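A.B. asks: Dumping the structure here so I can ask a few things about it.
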Amino acid sequence: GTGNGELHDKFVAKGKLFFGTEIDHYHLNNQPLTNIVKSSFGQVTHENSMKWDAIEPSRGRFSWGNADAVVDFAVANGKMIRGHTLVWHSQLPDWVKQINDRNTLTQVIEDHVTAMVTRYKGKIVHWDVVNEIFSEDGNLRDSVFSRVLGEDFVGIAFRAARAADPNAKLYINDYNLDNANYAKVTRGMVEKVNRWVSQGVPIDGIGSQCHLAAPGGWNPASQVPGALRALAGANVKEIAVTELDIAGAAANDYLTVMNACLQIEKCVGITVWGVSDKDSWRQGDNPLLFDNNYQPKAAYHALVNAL
């Protein structure tokens with residue numbers, strides 16, 4: 001009566017756009033992994049093959065194959081795609097950190113942004129236009145971008161993207177937005193998005209990665225419902241949780257995040273950052289919805305039954 005029985009179809013039935021997961025090309029030949037993506041998730045994000053150094057390793061040399069493989073898989077199976085990510089300080093080629101002429105860095109950014117967004121035009125529901133640009137206290141983190149251009153690289157990148165694919169929602173993404181009172185939320189994301197939306201910058205959405213700790217750690221998800229409402233309170237049309245994982249994978253904790261999004265009008269979807277704990281970037285914390293044998297864990301059944 002609502003798709004198959006599984007997560008993304010039940011989630012979407014309540015009025016949301018997707019419940020997706022993360023994959024990359026080195027998972028395409030893993031059939032337990034790829035069947036769960038087909039049957040339980042409705043959207044994918046590239047884990048690594050859309051980052052700057054994998055896409056443009058030398059200026060004007062684009063290597064599209066690994067990214068294309070994931071995209072072909074996604075569109076062949078009717079999955080949405082979040083593009084991740086256009087401008088980031090991490091895994092960033094050494095040839096861009098060399099440029100300090102504001103013009104050339106602006107050109108480089110447009111070139112990079114325009115190459116990616118055009119190639120995948122019409123196939124990409126959200127682009128993380130900028131990733132991780134805030135310090136833990138709310139100012140711009142130090143990088144060739146913030147040094148050379150200040151806050152200006154944000155509007156440079158968002159405008160290049162909007163110019164290249166008018167259909168994609170343009171997002172800003174960041175981690176540690178997991179407490180409403182935290183500086184990075186109040187003085188960082190909310191304050192500066194308001195200021196940049198005021199200046200004509202086409203920011204459609206805010207992404208909260210939600211790499212969350214177990215109960216009693218620094219960022220437990222006891223507190224996320226109030227943070228997402230803090231974020232959803234800025235002058236943007238939507239928000240999403242984009243890289244969700246929770247150390248321990250407590251049924252109660254996943255329930256908390258899913259229903260937080262369900263109860264926030266502006267929250268259009270959720271992406272967990274992997275299918276199985278075996279392959280997670282923090283496998284020690286065991287933080288996903290499927291175990292090492294690609295069998296559904298307690299949190300997974302819990303979300304399906306709540307829906």
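In the structure tokens, the first chain shown is A, the next is B, and so on; residue numbers restart at 1 for each chain, and ligands run from 1 in the order shown.
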Which residues come within 8 Å of residue 203 of chain A, counting only C-alpha atoms, excluding same-chain residues fewer than 5 positions away, as a ChimeraX atom specification?

C.D. replies: /A:158,169-172,193,197,236

A.B. asks: Which neighbours of residue 258 of chain A fall inside 12 Å, counting only C-alpha atoms, when residues of the same chain fewer than 2 positions from it are skipped, and could you give them as an MDAnalysis selection string?

C.D. replies: chainID A and resid 7:8 10:12 14 16 18:19 210 221 224:225 228 240:241 244:245 251:256 260:264 267:272 299:300 302:304 306:307

A.B. asks: Which residues come within 10 Å of residue 74 of chain A, counting only C-alpha atoms, excluding same-chain residues fewer than 2 positions away, as a PyMOL selection string?

C.D. replies: chain A and resi 37-38+42-45+68-72+76-81+123

A.B. asks: With N, CA, C and O atoms retained, could you export that selection as a short mmCIF file (atom, residue, chain, number, x, y, z; two decimals), in the first residue's frame?

C.D. replies:
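Generated output (out_7.cif):
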data_model
loop_
_atom_site.label_atom_id
_atom_site.label_comp_id
_atom_site.auth_asym_id
_atom_site.auth_seq_id
_atom_site.Cartn_x
_atom_site.Cartn_y
_atom_site.Cartn_z
N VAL A 37 20.40 -0.45 -1.58
CA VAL A 37 20.20 0.85 -2.22
C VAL A 37 18.98 0.82 -3.13
O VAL A 37 18.18 1.76 -3.16
N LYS A 38 18.81 -0.28 -3.88
CA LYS A 38 17.68 -0.36 -4.81
C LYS A 38 16.35 -0.45 -4.08
O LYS A 38 15.39 0.24 -4.45
N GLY A 42 16.24 5.94 -1.74
CA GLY A 42 15.77 6.63 -2.93
C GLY A 42 16.70 7.69 -3.48
O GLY A 42 16.37 8.37 -4.46
N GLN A 43 17.87 7.83 -2.88
CA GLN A 43 18.81 8.89 -3.25
C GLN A 43 20.20 8.42 -2.87
O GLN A 43 20.36 7.61 -1.96
N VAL A 44 21.21 8.93 -3.60
CA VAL A 44 22.60 8.63 -3.32
C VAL A 44 23.44 9.91 -3.37
O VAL A 44 23.08 10.90 -4.01
N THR A 45 24.58 9.86 -2.65
CA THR A 45 25.62 10.88 -2.65
C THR A 45 26.95 10.20 -2.89
O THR A 45 27.20 9.13 -2.33
N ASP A 68 30.84 9.36 -13.03
CA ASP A 68 29.80 9.00 -14.00
C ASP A 68 29.18 7.64 -13.67
O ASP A 68 27.99 7.41 -13.90
N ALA A 69 30.02 6.69 -13.21
CA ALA A 69 29.57 5.33 -12.92
C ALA A 69 28.48 5.32 -11.86
O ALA A 69 27.48 4.61 -12.00
N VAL A 70 28.69 6.09 -10.78
CA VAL A 70 27.68 6.25 -9.74
C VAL A 70 26.44 6.95 -10.29
O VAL A 70 25.31 6.52 -10.02
N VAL A 71 26.62 8.01 -11.08
CA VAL A 71 25.48 8.73 -11.62
C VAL A 71 24.65 7.83 -12.54
O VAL A 71 23.42 7.79 -12.45
N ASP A 72 25.32 7.09 -13.45
CA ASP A 72 24.59 6.18 -14.34
C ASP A 72 23.80 5.17 -13.52
O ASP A 72 22.60 4.95 -13.76
N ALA A 76 19.73 5.07 -13.70
CA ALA A 76 19.18 3.83 -14.24
C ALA A 76 18.22 3.21 -13.26
O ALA A 76 17.24 2.56 -13.66
N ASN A 77 18.47 3.41 -11.97
CA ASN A 77 17.61 2.84 -10.95
C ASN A 77 16.65 3.86 -10.35
O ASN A 77 16.00 3.56 -9.35
N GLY A 78 16.54 5.05 -10.93
CA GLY A 78 15.54 6.00 -10.49
C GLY A 78 15.82 6.61 -9.13
O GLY A 78 14.88 6.97 -8.41
N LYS A 79 17.10 6.73 -8.77
CA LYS A 79 17.52 7.35 -7.52
C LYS A 79 17.91 8.80 -7.77
O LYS A 79 18.58 9.10 -8.75
N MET A 80 17.51 9.68 -6.86
CA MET A 80 18.01 11.05 -6.86
C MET A 80 19.48 11.09 -6.43
O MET A 80 20.01 10.16 -5.80
N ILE A 81 20.15 12.20 -6.78
CA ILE A 81 21.58 12.38 -6.57
C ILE A 81 21.83 13.74 -5.94
O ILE A 81 21.50 14.77 -6.55
N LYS A 123 20.28 16.06 -13.78
CA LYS A 123 20.36 14.81 -13.03
C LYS A 123 20.60 15.01 -11.54
O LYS A 123 20.63 14.02 -10.81
#

A.B. asks: Nearest to residue 282 of chain A: which of A:248, A:1, A:150, A:65 is it, counting only C-alpha atoms?

C.D. replies: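 Closest residue, counting only C-alpha atoms: A:248.
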
A.B. asks: I'd like to know which of A:280, A:219, A:139, A:39 is closest to residue 22 of chain A, using only C-alpha atoms.

C.D. replies: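 Going through A:280, A:219, A:139, A:39 one by one, the smallest distance to residue 22 of chain A is for A:280.
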
A.B. asks: Could you check which of A:21, A:283, A:295, A:173 is closest to residue 41 of chain A, using only C-alpha atoms?

C.D. replies: A:21

A.B. asks: For residue 56 of chain A, which residue out of A:174, A:243, A:94, A:9 is the nearest one, using only C-alpha atoms?

C.D. replies: A:94

A.B. asks: For each of A:107, A:4, A:181, A:259, take the minimum atom-to-atom distance to residue 231 of chain A, counting only C-alpha atoms, then give the residue where this is smallest.

C.D. replies: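 Once distances to residue 231 of chain A are computed over only C-alpha atoms, the minimum belongs to A:181.
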
A.B. asks: Residues at most 7 Å from residue 33 of chain A, counting only C-alpha atoms, excluding those fewer than 3 positions away in the same chain, as a PyMOL selection string?

C.D. replies: chain A and resi 30+36-37+275+294

A.B. asks: Determine the nearest neighbour of residue 98 of chain A from the options A:61, A:84, A:147, A:141, counting only C-alpha atoms.

C.D. replies: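 Of the candidates, the smallest distance to residue 98 of chain A is held by A:147.
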
A.B. asks: Determine, counting only C-alpha atoms, which protein, DNA and RNA residues have an atom within 12 Å of an atom of residue 235 of chain A; residues of the same chain fewer than 3 positions away are not included. Present the result as an NGL selection string.

C.D. replies: :A and (189-198 or 200-206 or 230-232 or 238-239 or 266)

A.B. asks: Mind dumping the selected residues with N, CA, C and O atoms as a PDB file, in the first residue's frame?

C.D. replies:
ATOM      1  N   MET A 189      26.291  29.463  10.890  1.00  0.00           N
ATOM      2  CA  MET A 189      25.431  29.161   9.753  1.00  0.00           C
ATOM      3  C   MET A 189      24.262  30.140   9.655  1.00  0.00           C
ATOM      4  O   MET A 189      24.088  30.815   8.627  1.00  0.00           O
ATOM      5  N   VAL A 190      23.448  30.236  10.721  1.00  0.00           N
ATOM      6  CA  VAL A 190      22.224  31.044  10.652  1.00  0.00           C
ATOM      7  C   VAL A 190      22.559  32.497  10.321  1.00  0.00           C
ATOM      8  O   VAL A 190      22.046  33.068   9.347  1.00  0.00           O
ATOM      9  N   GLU A 191      23.467  33.095  11.096  1.00  0.00           N
ATOM     10  CA  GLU A 191      23.805  34.512  10.937  1.00  0.00           C
ATOM     11  C   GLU A 191      24.314  34.826   9.524  1.00  0.00           C
ATOM     12  O   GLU A 191      23.839  35.773   8.877  1.00  0.00           O
ATOM     13  N   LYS A 192      25.261  34.015   9.018  1.00  0.00           N
ATOM     14  CA  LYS A 192      25.940  34.332   7.763  1.00  0.00           C
ATOM     15  C   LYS A 192      25.080  33.965   6.535  1.00  0.00           C
ATOM     16  O   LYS A 192      25.186  34.600   5.488  1.00  0.00           O
ATOM     17  N   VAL A 193      24.225  32.943   6.643  1.00  0.00           N
ATOM     18  CA  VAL A 193      23.296  32.652   5.539  1.00  0.00           C
ATOM     19  C   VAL A 193      22.301  33.799   5.393  1.00  0.00           C
ATOM     20  O   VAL A 193      21.976  34.226   4.279  1.00  0.00           O
ATOM     21  N   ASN A 194      21.769  34.285   6.526  1.00  0.00           N
ATOM     22  CA  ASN A 194      20.890  35.450   6.505  1.00  0.00           C
ATOM     23  C   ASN A 194      21.563  36.613   5.801  1.00  0.00           C
ATOM     24  O   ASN A 194      20.998  37.222   4.892  1.00  0.00           O
ATOM     25  N   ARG A 195      22.801  36.902   6.187  1.00  0.00           N
ATOM     26  CA  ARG A 195      23.539  37.998   5.577  1.00  0.00           C
ATOM     27  C   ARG A 195      23.748  37.779   4.075  1.00  0.00           C
ATOM     28  O   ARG A 195      23.589  38.716   3.281  1.00  0.00           O
ATOM     29  N   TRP A 196      24.064  36.536   3.661  1.00  0.00           N
ATOM     30  CA  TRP A 196      24.320  36.236   2.248  1.00  0.00           C
ATOM     31  C   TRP A 196      23.032  36.112   1.437  1.00  0.00           C
ATOM     32  O   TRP A 196      23.016  36.460   0.249  1.00  0.00           O
ATOM     33  N   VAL A 197      21.953  35.605   2.038  1.00  0.00           N
ATOM     34  CA  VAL A 197      20.649  35.654   1.367  1.00  0.00           C
ATOM     35  C   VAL A 197      20.203  37.100   1.156  1.00  0.00           C
ATOM     36  O   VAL A 197      19.602  37.431   0.128  1.00  0.00           O
ATOM     37  N   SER A 198      20.521  37.984   2.118  1.00  0.00           N
ATOM     38  CA  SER A 198      20.227  39.419   1.999  1.00  0.00           C
ATOM     39  C   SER A 198      20.934  40.057   0.808  1.00  0.00           C
ATOM     40  O   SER A 198      20.417  41.008   0.204  1.00  0.00           O
ATOM     41  N   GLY A 200      21.668  38.768  -2.097  1.00  0.00           N
ATOM     42  CA  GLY A 200      21.311  38.247  -3.403  1.00  0.00           C
ATOM     43  C   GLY A 200      21.944  36.925  -3.771  1.00  0.00           C
ATOM     44  O   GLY A 200      21.881  36.534  -4.944  1.00  0.00           O
ATOM     45  N   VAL A 201      22.561  36.231  -2.813  1.00  0.00           N
ATOM     46  CA  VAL A 201      23.221  34.946  -3.043  1.00  0.00           C
ATOM     47  C   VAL A 201      22.158  33.852  -3.069  1.00  0.00           C
ATOM     48  O   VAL A 201      21.408  33.698  -2.096  1.00  0.00           O
ATOM     49  N   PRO A 202      22.070  33.058  -4.138  1.00  0.00           N
ATOM     50  CA  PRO A 202      20.971  32.074  -4.307  1.00  0.00           C
ATOM     51  C   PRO A 202      21.178  30.800  -3.498  1.00  0.00           C
ATOM     52  O   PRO A 202      21.461  29.717  -4.019  1.00  0.00           O
ATOM     53  N   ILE A 203      21.042  30.902  -2.183  1.00  0.00           N
ATOM     54  CA  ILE A 203      21.200  29.747  -1.307  1.00  0.00           C
ATOM     55  C   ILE A 203      19.813  29.167  -1.074  1.00  0.00           C
ATOM     56  O   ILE A 203      18.968  29.801  -0.427  1.00  0.00           O
ATOM     57  N   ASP A 204      19.565  27.966  -1.598  1.00  0.00           N
ATOM     58  CA  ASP A 204      18.265  27.345  -1.384  1.00  0.00           C
ATOM     59  C   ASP A 204      18.182  26.589  -0.065  1.00  0.00           C
ATOM     60  O   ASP A 204      17.112  26.545   0.548  1.00  0.00           O
ATOM     61  N   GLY A 205      19.267  25.974   0.388  1.00  0.00           N
ATOM     62  CA  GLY A 205      19.149  25.080   1.524  1.00  0.00           C
ATOM     63  C   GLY A 205      20.384  25.055   2.394  1.00  0.00           C
ATOM     64  O   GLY A 205      21.486  25.433   1.977  1.00  0.00           O
ATOM     65  N   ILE A 206      20.176  24.588   3.622  1.00  0.00           N
ATOM     66  CA  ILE A 206      21.246  24.352   4.582  1.00  0.00           C
ATOM     67  C   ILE A 206      21.283  22.861   4.878  1.00  0.00           C
ATOM     68  O   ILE A 206      20.249  22.262   5.205  1.00  0.00           O
ATOM     69  N   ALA A 230      16.468  25.394  14.937  1.00  0.00           N
ATOM     70  CA  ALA A 230      17.318  26.572  14.849  1.00  0.00           C
ATOM     71  C   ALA A 230      17.717  26.862  13.401  1.00  0.00           C
ATOM     72  O   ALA A 230      17.565  27.988  12.919  1.00  0.00           O
ATOM     73  N   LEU A 231      18.228  25.846  12.690  1.00  0.00           N
ATOM     74  CA  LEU A 231      18.657  26.017  11.303  1.00  0.00           C
ATOM     75  C   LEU A 231      17.474  26.315  10.383  1.00  0.00           C
ATOM     76  O   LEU A 231      17.508  27.278   9.602  1.00  0.00           O
ATOM     77  N   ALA A 232      16.418  25.490  10.454  1.00  0.00           N
ATOM     78  CA  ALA A 232      15.187  25.720   9.699  1.00  0.00           C
ATOM     79  C   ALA A 232      14.588  27.097   9.927  1.00  0.00           C
ATOM     80  O   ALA A 232      13.754  27.516   9.126  1.00  0.00           O
ATOM     81  N   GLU A 238      14.648  25.502   2.460  1.00  0.00           N
ATOM     82  CA  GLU A 238      14.681  24.115   2.914  1.00  0.00           C
ATOM     83  C   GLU A 238      15.949  23.820   3.701  1.00  0.00           C
ATOM     84  O   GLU A 238      16.896  24.612   3.727  1.00  0.00           O
ATOM     85  N   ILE A 239      15.931  22.655   4.365  1.00  0.00           N
ATOM     86  CA  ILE A 239      17.094  22.086   5.038  1.00  0.00           C
ATOM     87  C   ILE A 239      17.066  20.566   4.877  1.00  0.00           C
ATOM     88  O   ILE A 239      16.021  19.957   4.657  1.00  0.00           O
ATOM     89  N   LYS A 266      10.325  22.605   6.492  1.00  0.00           N
ATOM     90  CA  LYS A 266      11.387  22.900   5.548  1.00  0.00           C
ATOM     91  C   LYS A 266      12.342  21.734   5.316  1.00  0.00           C
ATOM     92  O   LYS A 266      13.182  21.827   4.412  1.00  0.00           O
TER      93      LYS A 266
END

A.B. asks: Residues within 12 Å of residue 26 of chain A, please, as a list in words. Count only C-alpha atoms; anything in the same chain fewer than 6 positions from it doesn't count.

C.D. replies: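 Close residues of residue 26 of chain A: residues 33, 34, 46, 47, 48, 49, 66, 67, 69, 70 and 279 of chain A.
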
A.B. asks: Give the strand (DSSP E or B) residues of segment 40-214 of chain A, as assigned by DSSP on the backbone, as a PyMOL selection string.

C.D. replies: chain A and resi 43-46+58+61+80-83+87-88+126-131+134+140+169-174+205-208+211-212

A.B. asks: Need the shell around residue 153 of chain A: protein/DNA/RNA residues with any atom at most 10 Å away, counting only C-alpha atoms. Skip same-chain ones fewer than 5 positions apart. Format as a PyMOL selection string?

C.D. replies: chain A and resi 87+102+105-106+109-110+130+145-148+158-159

A.B. asks: Would you save the residues of that selection, restricted to N, CA and C atoms, as a CSV table (one decimal), in the first residue's frame?

C.D. replies:
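Output saved as out_19.csv:
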chain,number,residue,atom,x,y,z
A,87,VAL,N,33.0,23.1,-3.7
A,87,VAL,CA,34.0,23.9,-3.1
A,87,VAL,C,34.2,23.5,-1.7
A,102,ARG,N,43.1,37.2,-6.7
A,102,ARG,CA,41.7,37.1,-6.4
A,102,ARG,C,40.9,36.8,-7.7
A,105,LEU,N,41.7,32.9,-8.8
A,105,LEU,CA,40.9,32.0,-7.9
A,105,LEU,C,39.4,32.1,-8.2
A,106,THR,N,38.9,33.3,-8.5
A,106,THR,CA,37.5,33.4,-8.9
A,106,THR,C,37.2,32.7,-10.2
A,109,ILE,N,37.4,29.0,-9.6
A,109,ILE,CA,36.2,28.5,-8.9
A,109,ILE,C,35.0,28.3,-9.9
A,110,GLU,N,34.8,29.4,-10.7
A,110,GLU,CA,33.8,29.3,-11.7
A,110,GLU,C,34.0,28.1,-12.7
A,130,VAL,N,29.1,24.8,-1.2
A,130,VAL,CA,30.3,24.9,-0.4
A,130,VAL,C,30.1,24.0,0.8
A,145,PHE,N,40.5,29.8,0.0
A,145,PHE,CA,39.3,30.5,-0.3
A,145,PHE,C,39.0,31.7,0.6
A,146,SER,N,39.0,31.4,1.9
A,146,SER,CA,38.7,32.5,2.8
A,146,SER,C,39.8,33.5,2.9
A,147,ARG,N,41.1,33.1,2.8
A,147,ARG,CA,42.2,34.0,2.8
A,147,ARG,C,42.1,34.9,1.5
A,148,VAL,N,42.1,34.3,0.3
A,148,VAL,CA,42.2,35.1,-0.9
A,148,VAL,C,40.9,36.0,-1.1
A,158,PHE,N,28.0,30.0,-5.6
A,158,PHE,CA,26.6,29.9,-5.7
A,158,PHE,C,26.0,30.5,-7.0
A,159,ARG,N,26.6,31.6,-7.5
A,159,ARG,CA,26.1,32.2,-8.7
A,159,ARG,C,26.5,31.4,-9.9

A.B. asks: Mind giving me the straight-line distance from atom CA of residue 278 of chain A to atom CA of residue 292 of chain A in Å, one decimal?

C.D. replies: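 Answer for the atom CA of residue 278 of chain A to atom CA of residue 292 of chain A separation: 4.7 Å.
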